[PDB]
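*Asks:* You'll find structure35.pdb just under this line, and it carries PDB, C-alpha atoms.
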```
MODEL        1
ATOM      1  CA  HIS J 151      39.795  -6.145  83.595
ATOM      2  CA  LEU J 152      40.229  -9.667  82.059
ATOM      3  CA  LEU J 153      43.158  -8.475  79.933
ATOM      4  CA  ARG J 154      44.753  -6.849  83.057
ATOM      5  CA  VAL J 155      44.601 -10.262  84.840
ATOM      6  CA  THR J 156      45.945 -12.043  81.894
ATOM      7  CA  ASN J 157      48.715  -9.454  81.613
ATOM      8  CA  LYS J 158      49.706 -10.116  85.333
ATOM      9  CA  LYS J 159      49.718 -13.810  84.621
ATOM     10  CA  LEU J 160      51.927 -13.407  81.585
ATOM     11  CA  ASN J 161      54.384 -11.106  83.588
ATOM     12  CA  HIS J 162      54.483 -13.724  86.345
ATOM     13  CA  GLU J 163      55.257 -16.513  83.926
ATOM     14  CA  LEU J 164      57.993 -14.446  82.221
ATOM     15  CA  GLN J 165      59.547 -13.727  85.710
ATOM     16  CA  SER J 166      59.266 -17.392  86.635
ATOM     17  CA  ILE J 167      61.198 -18.295  83.545
ATOM     18  CA  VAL J 168      63.900 -15.660  84.428
ATOM     19  CA  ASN J 169      64.114 -16.947  88.027
ATOM     20  CA  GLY J 170      64.070 -20.518  86.863
ATOM     21  CA  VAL J 171      66.952 -19.977  84.416
ATOM     22  CA  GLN J 172      69.006 -17.998  87.049
ATOM     23  CA  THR J 173      68.579 -20.850  89.481
ATOM     24  CA  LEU J 174      69.523 -23.311  86.844
ATOM     25  CA  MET J 175      72.720 -21.294  85.992
ATOM     26  CA  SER J 176      73.754 -21.116  89.700
ATOM     27  CA  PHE J 177      74.480 -24.807  89.447
ATOM     28  CA  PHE J 178      77.132 -24.214  86.745
ATOM     29  CA  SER J 179      79.060 -21.279  88.462
ATOM     30  CA  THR J 180      82.459 -22.479  89.977
ATOM     31  CA  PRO J 181      82.802 -20.906  93.486
ATOM     32  CA  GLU J 182      86.163 -19.001  92.785
ATOM     33  CA  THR J 183      86.796 -18.307  96.548
ATOM     34  CA  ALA J 184      87.983 -21.512  98.363
ATOM     35  CA  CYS J 185      86.370 -20.132 101.422
ATOM     36  CA  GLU J 186      82.797 -20.805 100.821
ATOM     37  CA  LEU J 187      82.549 -24.381 102.312
ATOM     38  CA  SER J 188      78.963 -24.590 101.184
ATOM     39  CA  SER J 189      78.916 -25.077  97.476
ATOM     40  CA  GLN J 190      79.698 -28.755  96.911
ATOM     41  CA  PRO J 191      80.758 -29.273  93.240
ATOM     42  CA  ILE J 192      77.844 -30.930  91.392
ATOM     43  CA  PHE J 193      79.775 -31.586  88.265
ATOM     44  CA  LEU J 194      82.935 -33.692  87.741
ATOM     45  CA  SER J 195      84.327 -30.899  85.501
ATOM     46  CA  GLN J 196      84.480 -28.843  88.752
ATOM     47  CA  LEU J 197      85.861 -31.907  90.643
ATOM     48  CA  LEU J 198      89.379 -31.129  92.005
ATOM     49  CA  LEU J 199      91.005 -34.424  90.855
TER
ATOM     50  CA  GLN K 104       4.099  23.734  57.451
ATOM     51  CA  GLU K 105       6.274  25.597  59.978
ATOM     52  CA  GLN K 106       5.313  23.021  62.637
ATOM     53  CA  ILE K 107       6.076  20.105  60.308
ATOM     54  CA  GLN K 108       9.479  21.631  59.409
ATOM     55  CA  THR K 109      10.342  22.021  63.155
ATOM     56  CA  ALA K 110       9.318  18.437  63.836
ATOM     57  CA  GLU K 111      11.393  17.295  60.825
ATOM     58  CA  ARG K 112      14.476  19.074  62.135
ATOM     59  CA  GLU K 113      13.970  17.277  65.419
ATOM     60  CA  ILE K 114      13.727  13.828  63.808
ATOM     61  CA  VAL K 115      16.776  14.451  61.712
ATOM     62  CA  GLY K 116      18.596  15.566  64.876
ATOM     63  CA  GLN K 117      17.502  12.401  66.663
ATOM     64  CA  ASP K 118      18.783  10.147  64.026
ATOM     65  CA  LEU K 119      19.968   7.689  66.605
ATOM     66  CA  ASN K 120      23.245   6.651  65.354
ATOM     67  CA  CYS K 121      24.300   4.140  68.086
ATOM     68  CA  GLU K 122      27.673   4.208  66.507
ATOM     69  CA  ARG K 123      29.383   4.649  69.883
ATOM     70  CA  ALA K 124      27.733   1.595  71.391
ATOM     71  CA  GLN K 125      28.465  -0.362  68.260
ATOM     72  CA  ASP K 126      32.109   0.711  68.312
ATOM     73  CA  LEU K 127      32.378  -0.468  71.883
ATOM     74  CA  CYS K 128      30.869  -3.801  70.964
ATOM     75  CA  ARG K 129      33.327  -4.214  68.118
ATOM     76  CA  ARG K 130      36.232  -3.326  70.364
ATOM     77  CA  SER K 131      34.988  -5.670  73.036
ATOM     78  CA  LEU K 132      34.749  -8.570  70.644
ATOM     79  CA  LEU K 133      38.170  -7.917  69.149
ATOM     80  CA  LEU K 134      39.696  -7.690  72.651
ATOM     81  CA  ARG K 135      37.974 -10.906  73.687
ATOM     82  CA  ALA K 136      39.450 -12.598  70.707
ATOM     83  CA  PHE K 137      42.808 -11.023  71.615
ATOM     84  CA  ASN K 138      42.504 -12.254  75.179
ATOM     85  CA  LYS K 139      41.921 -15.772  74.007
ATOM     86  CA  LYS K 140      45.055 -15.700  71.873
ATOM     87  CA  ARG K 141      47.115 -14.255  74.684
ATOM     88  CA  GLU K 142      45.844 -16.993  77.063
ATOM     89  CA  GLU K 143      47.151 -19.560  74.591
ATOM     90  CA  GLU K 144      50.487 -17.820  74.571
ATOM     91  CA  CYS K 145      50.593 -17.820  78.444
ATOM     92  CA  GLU K 146      49.904 -21.561  78.395
ATOM     93  CA  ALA K 147      52.814 -22.106  76.094
ATOM     94  CA  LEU K 148      55.255 -20.137  78.429
ATOM     95  CA  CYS K 149      53.894 -22.105  81.411
ATOM     96  CA  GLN K 150      54.938 -25.292  79.673
ATOM     97  CA  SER K 151      58.430 -23.944  79.095
ATOM     98  CA  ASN K 152      58.764 -22.967  82.833
ATOM     99  CA  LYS K 153      57.785 -26.524  83.856
ATOM    100  CA  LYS K 154      60.596 -27.865  81.799
TER
ATOM    101  CA  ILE P 463      66.468 -14.391  78.459
ATOM    102  CA  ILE P 464      66.338 -11.429  80.854
ATOM    103  CA  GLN P 465      66.581  -9.071  77.893
ATOM    104  CA  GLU P 466      63.842 -10.808  75.835
ATOM    105  CA  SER P 467      61.578 -11.229  78.885
ATOM    106  CA  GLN P 468      61.864  -7.465  79.541
ATOM    107  CA  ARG P 469      60.738  -6.780  75.973
ATOM    108  CA  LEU P 470      57.538  -8.752  76.558
ATOM    109  CA  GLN P 471      56.935  -7.179  79.967
ATOM    110  CA  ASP P 472      53.411  -5.612  80.057
ATOM    111  CA  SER P 473      53.115  -6.543  76.388
ATOM    112  CA  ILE P 474      49.257  -6.958  76.624
ATOM    113  CA  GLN P 475      48.739  -3.609  78.288
ATOM    114  CA  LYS P 476      50.993  -1.882  75.744
ATOM    115  CA  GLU P 477      49.026  -3.288  72.857
ATOM    116  CA  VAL P 478      45.609  -2.544  74.340
ATOM    117  CA  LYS P 479      46.619   1.073  74.952
ATOM    118  CA  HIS P 480      47.574   1.508  71.275
ATOM    119  CA  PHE P 481      44.374  -0.252  70.204
ATOM    120  CA  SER P 482      42.144   1.952  72.309
ATOM    121  CA  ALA P 483      43.472   4.990  70.372
ATOM    122  CA  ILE P 484      42.658   3.644  66.896
ATOM    123  CA  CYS P 485      39.552   4.453  64.874
ATOM    124  CA  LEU P 486      38.025   1.190  63.744
ATOM    125  CA  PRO P 487      36.185   2.503  60.795
ATOM    126  CA  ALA P 488      39.578   3.728  59.396
ATOM    127  CA  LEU P 489      40.313   0.088  58.967
ATOM    128  CA  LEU P 490      37.490  -0.493  56.576
ATOM    129  CA  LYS P 491      39.224  -0.019  53.233
ATOM    130  CA  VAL P 492      37.426  -0.294  49.964
ATOM    131  CA  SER P 493      38.920  -0.299  46.449
ATOM    132  CA  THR P 494      37.215   1.831  43.963
ATOM    133  CA  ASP P 495      39.780   1.436  41.058
ATOM    134  CA  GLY P 496      40.748  -2.283  42.219
ATOM    135  CA  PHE P 497      44.219  -0.904  43.128
ATOM    136  CA  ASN P 498      43.920   1.940  45.727
ATOM    137  CA  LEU P 499      42.418   0.951  49.156
ATOM    138  CA  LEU P 500      40.830   3.848  50.803
ATOM    139  CA  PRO P 501      39.021   3.982  54.103
ATOM    140  CA  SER P 502      35.329   3.914  53.519
ATOM    141  CA  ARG P 503      34.901   7.029  55.743
ATOM    142  CA  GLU P 504      36.982   9.008  53.239
ATOM    143  CA  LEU P 505      34.670   8.189  50.377
ATOM    144  CA  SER P 506      32.804  11.231  49.152
ATOM    145  CA  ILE P 507      29.442   9.391  49.355
ATOM    146  CA  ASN P 508      29.867   8.829  53.130
ATOM    147  CA  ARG P 509      30.619  12.418  54.158
ATOM    148  CA  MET P 510      26.975  12.759  55.246
ATOM    149  CA  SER P 511      26.221   9.160  56.162
ATOM    150  CA  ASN P 512      27.036   9.540  59.928
ATOM    151  CA  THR P 513      26.857  12.476  62.366
ATOM    152  CA  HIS P 514      30.226  11.297  63.640
ATOM    153  CA  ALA P 515      31.973  11.262  60.319
ATOM    154  CA  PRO P 516      34.992  13.746  60.403
ATOM    155  CA  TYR P 517      33.671  15.916  57.581
ATOM    156  CA  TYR P 518      29.943  15.840  58.410
ATOM    157  CA  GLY P 519      29.932  19.283  60.136
ATOM    158  CA  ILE P 520      31.644  20.986  57.159
ATOM    159  CA  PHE P 521      29.357  19.482  54.513
ATOM    160  CA  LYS P 522      26.297  20.067  56.587
ATOM    161  CA  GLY P 523      27.289  23.707  56.375
ATOM    162  CA  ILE P 524      27.771  23.533  52.579
ATOM    163  CA  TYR P 525      24.332  21.857  52.092
ATOM    164  CA  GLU P 526      22.606  24.567  54.057
ATOM    165  CA  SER P 527      24.501  27.307  52.133
ATOM    166  CA  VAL P 528      23.355  25.991  48.716
ATOM    167  CA  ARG P 529      19.812  25.243  50.142
ATOM    168  CA  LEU P 530      20.128  21.499  49.405
ATOM    169  CA  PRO P 531      18.029  19.310  51.703
ATOM    170  CA  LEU P 532      20.037  16.982  54.038
ATOM    171  CA  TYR P 533      18.014  13.922  52.943
ATOM    172  CA  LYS P 534      19.305  14.213  49.388
ATOM    173  CA  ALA P 535      21.939  11.876  48.093
ATOM    174  CA  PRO P 536      25.540  13.355  48.124
ATOM    175  CA  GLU P 537      25.806  12.679  44.391
ATOM    176  CA  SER P 538      23.255  15.433  43.791
ATOM    177  CA  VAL P 539      25.335  18.355  45.285
ATOM    178  CA  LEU P 540      27.386  19.201  42.094
ATOM    179  CA  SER P 541      24.339  18.879  39.783
ATOM    180  CA  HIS P 542      22.351  21.105  42.069
ATOM    181  CA  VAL P 543      25.092  23.793  42.232
ATOM    182  CA  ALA P 544      25.350  23.647  38.421
ATOM    183  CA  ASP P 545      21.617  24.324  38.145
ATOM    184  CA  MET P 546      21.923  27.220  40.569
ATOM    185  CA  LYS P 547      24.585  28.757  38.322
ATOM    186  CA  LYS P 548      22.307  28.225  35.387
ATOM    187  CA  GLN P 549      19.562  30.062  37.258
ATOM    188  CA  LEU P 550      21.912  32.947  38.092
ATOM    189  CA  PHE P 551      22.707  33.352  34.395
ATOM    190  CA  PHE P 552      19.018  33.314  33.541
ATOM    191  CA  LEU P 553      18.166  35.930  36.208
ATOM    192  CA  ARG P 554      20.965  38.194  34.938
ATOM    193  CA  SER P 555      19.644  37.897  31.420
ATOM    194  CA  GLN P 556      16.118  38.692  32.596
ATOM    195  CA  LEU P 557      17.293  41.746  34.511
ATOM    196  CA  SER P 558      19.238  43.008  31.542
ATOM    197  CA  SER P 559      16.205  42.524  29.273
ATOM    198  CA  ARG P 560      13.875  44.226  31.657
ATOM    199  CA  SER P 561      16.294  47.145  32.244
ATOM    200  CA  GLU P 562      16.527  47.596  28.504
ATOM    201  CA  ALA P 563      12.766  47.441  28.113
ATOM    202  CA  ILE P 564      12.278  50.154  30.851
TER
ATOM    203  CA  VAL C 399      70.645 -27.792  78.453
ATOM    204  CA  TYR C 400      72.075 -25.481  75.852
ATOM    205  CA  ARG C 401      69.465 -26.655  73.193
ATOM    206  CA  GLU C 402      66.548 -26.160  75.573
ATOM    207  CA  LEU C 403      67.560 -22.623  76.598
ATOM    208  CA  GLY C 404      68.172 -21.857  73.008
ATOM    209  CA  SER C 405      64.528 -22.773  72.120
ATOM    210  CA  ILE C 406      63.091 -20.627  74.913
ATOM    211  CA  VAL C 407      65.132 -17.587  73.772
ATOM    212  CA  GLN C 408      63.915 -18.090  70.225
ATOM    213  CA  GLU C 409      60.256 -18.250  71.248
ATOM    214  CA  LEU C 410      60.612 -15.092  73.363
ATOM    215  CA  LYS C 411      62.450 -13.374  70.515
ATOM    216  CA  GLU C 412      59.774 -14.266  67.916
ATOM    217  CA  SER C 413      57.032 -13.041  70.215
ATOM    218  CA  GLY C 414      58.932  -9.882  70.892
ATOM    219  CA  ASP C 415      59.421  -9.193  67.190
ATOM    220  CA  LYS C 416      55.769  -9.786  66.370
ATOM    221  CA  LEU C 417      54.685  -7.397  69.165
ATOM    222  CA  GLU C 418      56.989  -4.626  67.798
ATOM    223  CA  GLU C 419      55.506  -5.093  64.379
ATOM    224  CA  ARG C 420      51.945  -4.768  65.699
ATOM    225  CA  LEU C 421      52.757  -1.702  67.798
ATOM    226  CA  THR C 422      54.248  -0.072  64.773
ATOM    227  CA  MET C 423      51.125  -0.729  62.847
ATOM    228  CA  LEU C 424      48.767   0.620  65.551
ATOM    229  CA  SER C 425      50.817   3.818  65.774
ATOM    230  CA  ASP C 426      50.022   4.754  62.242
ATOM    231  CA  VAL C 427      48.639   8.301  62.186
ATOM    232  CA  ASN C 428      45.879   7.350  59.691
ATOM    233  CA  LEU C 429      44.363   4.900  62.188
ATOM    234  CA  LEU C 430      44.524   7.216  65.157
ATOM    235  CA  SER C 431      41.204   8.767  66.148
ATOM    236  CA  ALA C 432      39.398  11.768  64.559
ATOM    237  CA  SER C 433      42.113  14.100  64.172
ATOM    238  CA  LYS C 434      40.165  17.325  63.755
ATOM    239  CA  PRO C 435      39.386  17.334  60.003
ATOM    240  CA  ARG C 436      42.160  18.999  58.183
ATOM    241  CA  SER C 437      41.475  22.673  57.377
ATOM    242  CA  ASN C 438      42.985  22.189  53.854
ATOM    243  CA  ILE C 439      41.355  20.046  51.216
ATOM    244  CA  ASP C 440      43.444  16.980  50.570
ATOM    245  CA  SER C 441      44.779  16.599  46.934
ATOM    246  CA  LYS C 442      43.110  13.170  46.951
ATOM    247  CA  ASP C 443      39.650  14.713  47.547
ATOM    248  CA  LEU C 444      38.653  15.219  43.916
ATOM    249  CA  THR C 445      34.992  15.933  44.691
ATOM    250  CA  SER C 446      35.737  18.965  46.940
ATOM    251  CA  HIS C 447      38.107  20.310  44.352
ATOM    252  CA  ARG C 448      35.565  19.920  41.669
TER
ATOM    253  CA  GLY Y 102      22.716 -14.893  68.138
ATOM    254  CA  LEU Y 103      21.942 -12.349  65.395
ATOM    255  CA  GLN Y 104      23.884  -9.521  67.130
ATOM    256  CA  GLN Y 105      26.854 -11.858  67.533
ATOM    257  CA  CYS Y 106      26.791 -13.007  63.909
ATOM    258  CA  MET Y 107      26.691  -9.398  62.650
ATOM    259  CA  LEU Y 108      29.406  -8.261  65.006
ATOM    260  CA  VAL Y 109      31.718 -11.123  64.001
ATOM    261  CA  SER Y 110      31.107 -10.381  60.401
ATOM    262  CA  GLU Y 111      31.775  -6.644  60.888
ATOM    263  CA  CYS Y 112      34.945  -7.313  62.823
ATOM    264  CA  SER Y 113      36.129  -9.961  60.312
ATOM    265  CA  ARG Y 114      36.039  -7.415  57.727
ATOM    266  CA  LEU Y 115      37.945  -4.926  59.833
ATOM    267  CA  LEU Y 116      40.713  -7.489  59.878
ATOM    268  CA  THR Y 117      40.524  -8.595  56.174
ATOM    269  CA  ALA Y 118      41.603  -5.344  54.511
ATOM    270  CA  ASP Y 119      40.700  -7.144  51.245
ATOM    271  CA  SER Y 120      44.132  -6.167  50.637
ATOM    272  CA  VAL Y 121      46.289  -8.544  48.461
ATOM    273  CA  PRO Y 122      47.399 -11.623  50.470
ATOM    274  CA  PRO Y 123      50.569 -10.083  51.340
ATOM    275  CA  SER Y 124      51.616 -13.301  53.153
ATOM    276  CA  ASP Y 125      53.365 -10.590  55.355
ATOM    277  CA  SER Y 126      50.683  -8.198  56.562
ATOM    278  CA  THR Y 127      50.501  -7.738  60.386
ATOM    279  CA  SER Y 128      46.886  -8.113  61.519
ATOM    280  CA  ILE Y 129      45.462  -5.880  64.223
ATOM    281  CA  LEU Y 130      46.197  -7.353  67.594
ATOM    282  CA  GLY Y 131      47.627 -10.320  65.598
ATOM    283  CA  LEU Y 132      44.187 -11.647  65.029
ATOM    284  CA  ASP Y 133      43.203 -13.708  61.970
ATOM    285  CA  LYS Y 134      39.727 -14.304  60.607
ATOM    286  CA  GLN Y 135      39.715 -17.698  62.174
ATOM    287  CA  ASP Y 136      40.180 -16.209  65.660
ATOM    288  CA  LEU Y 137      36.925 -14.370  65.291
ATOM    289  CA  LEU Y 138      35.000 -17.292  63.732
ATOM    290  CA  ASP Y 139      35.655 -19.161  66.958
ATOM    291  CA  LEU Y 140      33.581 -16.647  68.821
ATOM    292  CA  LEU Y 141      30.487 -17.492  66.724
ATOM    293  CA  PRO Y 142      27.661 -19.267  68.447
ATOM    294  CA  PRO Y 143      27.373 -22.987  67.859
ATOM    295  CA  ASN Y 144      26.683 -23.866  64.164
ATOM    296  CA  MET Y 145      23.159 -25.223  65.183
ATOM    297  CA  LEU Y 146      22.258 -21.838  66.668
ATOM    298  CA  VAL Y 147      23.665 -19.901  63.658
ATOM    299  CA  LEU Y 148      21.484 -21.871  61.167
ATOM    300  CA  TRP Y 149      18.487 -21.411  63.442
ATOM    301  CA  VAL Y 150      19.097 -17.650  63.633
ATOM    302  CA  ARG Y 151      19.455 -17.342  59.773
ATOM    303  CA  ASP Y 152      16.152 -19.348  59.192
TER
ENDMDL
END
```
Represent the structure contained in this file as C-alpha cells.
*Replies:*
Amino acid sequence: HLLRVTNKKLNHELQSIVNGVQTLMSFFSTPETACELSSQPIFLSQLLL
Amino acid sequence: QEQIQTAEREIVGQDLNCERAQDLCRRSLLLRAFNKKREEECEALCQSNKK
Amino acid sequence: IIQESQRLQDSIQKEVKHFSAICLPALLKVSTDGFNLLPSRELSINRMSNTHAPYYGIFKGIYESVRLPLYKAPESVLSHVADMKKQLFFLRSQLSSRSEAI
Amino acid sequence: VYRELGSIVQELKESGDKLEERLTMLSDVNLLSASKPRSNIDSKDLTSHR
Amino acid sequence: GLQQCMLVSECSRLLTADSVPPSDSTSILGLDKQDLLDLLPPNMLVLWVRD
C-alpha cells in the first residue's frame, strides 16, 4: 500500500514537471496569427521593431 | 513400534518450515528498503519541479 | 521530457510486479569450484533440506524406493544403493550355491 | 533555460535506463518462481546422473 | 532486534551474489548492501541484542 502511494506521488511529480515545462515553453511560442490580441510579446526577439 | 513409527511420520510431516512467512518477511524488508530509495528519488524530482 | 516521463510512468508498480514473481532463494548463489555460482537450492545436498524445495517430492520418492530413511544425510544415498547392489550379488550367489547343493 | 532543461532530461533518461536494466534482470527465467521441476535431468546435475 | 538483524543479514546476502565486483552488476530493485544496513536497529540495540 505504501509503495502504491509513493508510486502516485512519483507519477504526480513527473506530470508536474511535464506541465511545468509545457507552461514554460508557451512563453517562447510566437503567436503566428495577428488576430489573437491577447498574447503580448514577452521577449524583445518577438518585438516588432 | 508401529505406534512409534506412526508418531514419527507425523513429526516429520509437521516439520514446521515457516519458509513462507520468512519469505514474506524478506520481501517486506527488501520492499521497505526499495520504498525508501524511491522516496529519495521523488524528493529529487520535486526539487527539479520547484526550479 | 514527455517521452522520458512516460518511460518512468508507474515505474514503482512495474518493478514490484516483477519482484513479486521472483524466487528469493534462487538468488542465493554459492561457488563450489570458486568459479561457477550456482543457486544454493540446486545443490545436491539441499534437495531434501526443505519441503518446498523443487526436487523434494521426487527425491522423497527415491528414498522410499531404496528404503533409505528420510533423516539420513543426502550424501549417503549413493553409498547405500551401492551396498544394496552388493547385497543383490551376494543373494544371487547364495541362491546359486543352494540350488547346486539341492 | 536550455542548460536547466537539459539536466532534467538527463536525470529522467538515467533513471529510465536503470529501470530497464533492473526489469530485464527480474525477468530472468532462472529467478522466476518454482517452475514445475523439469521432467528431464539437467546435464549439470551430476549426482542424479551418477 | 534479533529477528531484524537476521533478516537484514539474510537479505544482504541475497543482494551480494558474492559474485566478482563487476562494477556493472544491476542489484535487485537497485538496492545496495548499504540500503539494507540502514534498516538495522540503532547500534546500541544491536550490541545489546548480540550480548
*Asks:* Applied to the shown file, which residues does the PyMOL selection byres ((chain K and resi 144) around 12) return, written as a list in words?
*Replies:* residues 156, 157, 159, 160, 161, 163 and 164 of chain J; 137, 138, 139, 140, 141, 142, 143, 145, 146, 147, 148, 149, 150 and 151 of chain K; 470, 473 and 474 of chain P; 409, 410, 412 and 413 of chain C
*Asks:* Taking into account only C-alpha atoms, which residue in the set C:429, C:399, C:407, C:439 is nearest to chain Y?
*Replies:* C:429
*Asks:* In Å, with one decimal, what is the gap from atom CA of residue C:446 to atom CA of residue P:540?
*Replies:*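 Atom CA of residue P:540 lies 9.7 Å from atom CA of residue C:446.
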*Asks:* Calculate how many Å separate atom CA of residue Y:110 from atom CA of residue Y:134, rounding to one decimal.
*Replies:* 9.5 Å
*Asks:* Write down, as a PDB file with C-alpha atoms, keeping the file's coordinate frame, each residue of chain C that has any atom within 8 Å of an atom of chain P, counting only C-alpha atoms.
*Replies:*
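Written output follows (result04.pdb):
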```
ATOM      1  CA  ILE C 406      63.091 -20.627  74.913  1.00  0.00           C
ATOM      2  CA  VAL C 407      65.132 -17.587  73.772  1.00  0.00           C
ATOM      3  CA  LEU C 410      60.612 -15.092  73.363  1.00  0.00           C
ATOM      4  CA  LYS C 411      62.450 -13.374  70.515  1.00  0.00           C
ATOM      5  CA  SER C 413      57.032 -13.041  70.215  1.00  0.00           C
ATOM      6  CA  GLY C 414      58.932  -9.882  70.892  1.00  0.00           C
ATOM      7  CA  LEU C 417      54.685  -7.397  69.165  1.00  0.00           C
ATOM      8  CA  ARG C 420      51.945  -4.768  65.699  1.00  0.00           C
ATOM      9  CA  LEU C 421      52.757  -1.702  67.798  1.00  0.00           C
ATOM     10  CA  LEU C 424      48.767   0.620  65.551  1.00  0.00           C
ATOM     11  CA  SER C 425      50.817   3.818  65.774  1.00  0.00           C
ATOM     12  CA  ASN C 428      45.879   7.350  59.691  1.00  0.00           C
ATOM     13  CA  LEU C 429      44.363   4.900  62.188  1.00  0.00           C
ATOM     14  CA  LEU C 430      44.524   7.216  65.157  1.00  0.00           C
ATOM     15  CA  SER C 431      41.204   8.767  66.148  1.00  0.00           C
ATOM     16  CA  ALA C 432      39.398  11.768  64.559  1.00  0.00           C
ATOM     17  CA  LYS C 434      40.165  17.325  63.755  1.00  0.00           C
ATOM     18  CA  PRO C 435      39.386  17.334  60.003  1.00  0.00           C
ATOM     19  CA  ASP C 443      39.650  14.713  47.547  1.00  0.00           C
ATOM     20  CA  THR C 445      34.992  15.933  44.691  1.00  0.00           C
TER      21      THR C 445
END
```
*Asks:* Quick one: of P:532, P:472, P:564, P:499, who's nearest to residue J:155, counting all atoms listed in the file?
*Replies:*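 Of P:532, P:472, P:564, P:499, the one nearest residue J:155, counting all atoms listed in the file, is P:472.
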*Asks:* As a VMD selection string, could you give me every residue of chain K near chain Y (at most 9 Å apart, counting all atoms listed in the file)?
*Replies:* chain K and resid 125 128 to 130 132 to 137 139 to 140
*Asks:* Select, as a PyMOL selection string, those residues of chain J with any atom no more than 10 Å from chain C (distances computed using only C-alpha atoms).
*Replies:* chain J and resi 164+167+171+174
*Asks:* What is the atom CA of residue C:408-atom CA of residue C:422 distance in Å, reported with one decimal?
*Replies:*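 These two atoms are separated by 21.2 Å.
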*Asks:* With all atoms listed in the file as the counted atoms, please give the residues lying no more than 8 Å from stretch 176-183 of chain J, apart from itself and same-chain residues fewer than 3 positions off, as a ChimeraX atom specification.
*Replies:* /J:172-173,186,189,191-193,196
*Asks:* Determine the residue set returned by the PyMOL selection byres ((chain K and resi 112-122) around 9) for the present structure, and present it as a list in words.
*Replies:*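 Applied to this file, the PyMOL selection byres ((chain K and resi 112-122) around 9) returns residues 107, 108, 109, 110, 111, 123, 124, 125, 126 and 127 of chain K; 512, 513, 514, 532 and 533 of chain P.
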*Asks:* Would you export the selected residues with C-alpha atoms as a short mmCIF file (atom, residue, chain, number, x, y, z; two decimals), in the frame of the given file, please?
*Replies:*
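Output file selection-v5.cif follows:
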```
data_model
loop_
_atom_site.label_atom_id
_atom_site.label_comp_id
_atom_site.auth_asym_id
_atom_site.auth_seq_id
_atom_site.Cartn_x
_atom_site.Cartn_y
_atom_site.Cartn_z
CA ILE K 107 6.08 20.10 60.31
CA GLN K 108 9.48 21.63 59.41
CA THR K 109 10.34 22.02 63.16
CA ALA K 110 9.32 18.44 63.84
CA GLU K 111 11.39 17.30 60.82
CA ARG K 123 29.38 4.65 69.88
CA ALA K 124 27.73 1.60 71.39
CA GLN K 125 28.46 -0.36 68.26
CA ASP K 126 32.11 0.71 68.31
CA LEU K 127 32.38 -0.47 71.88
CA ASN P 512 27.04 9.54 59.93
CA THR P 513 26.86 12.48 62.37
CA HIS P 514 30.23 11.30 63.64
CA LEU P 532 20.04 16.98 54.04
CA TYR P 533 18.01 13.92 52.94
#
```
*Asks:* Using the file's own x, y and z axes, what box holds all listed atoms of stretch 479-492 of chain P with 6 Å on each side, keeping edges along x, y and z, and what are its centre and edge lengths in Å to one decimal, as JSON?
*Replies:*
```
{"center_x": 41.9, "center_y": 2.2, "center_z": 62.5, "size_x": 23.4, "size_y": 17.5, "size_z": 37.0}
```
*Asks:* Expand the PyMOL selection byres ((chain Y and resi 148-152) around 10) into the explicit residue set it covers here, and present it as a tab-separated table (two decimals) with C-alpha atoms, keeping the file's coordinate frame.
*Replies:*
```
chain	number	residue	atom	x	y	z
Y	102	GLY	CA	22.72	-14.89	68.14
Y	103	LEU	CA	21.94	-12.35	65.40
Y	106	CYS	CA	26.79	-13.01	63.91
Y	142	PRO	CA	27.66	-19.27	68.45
Y	143	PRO	CA	27.37	-22.99	67.86
Y	144	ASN	CA	26.68	-23.87	64.16
Y	145	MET	CA	23.16	-25.22	65.18
Y	146	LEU	CA	22.26	-21.84	66.67
Y	147	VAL	CA	23.66	-19.90	63.66
```
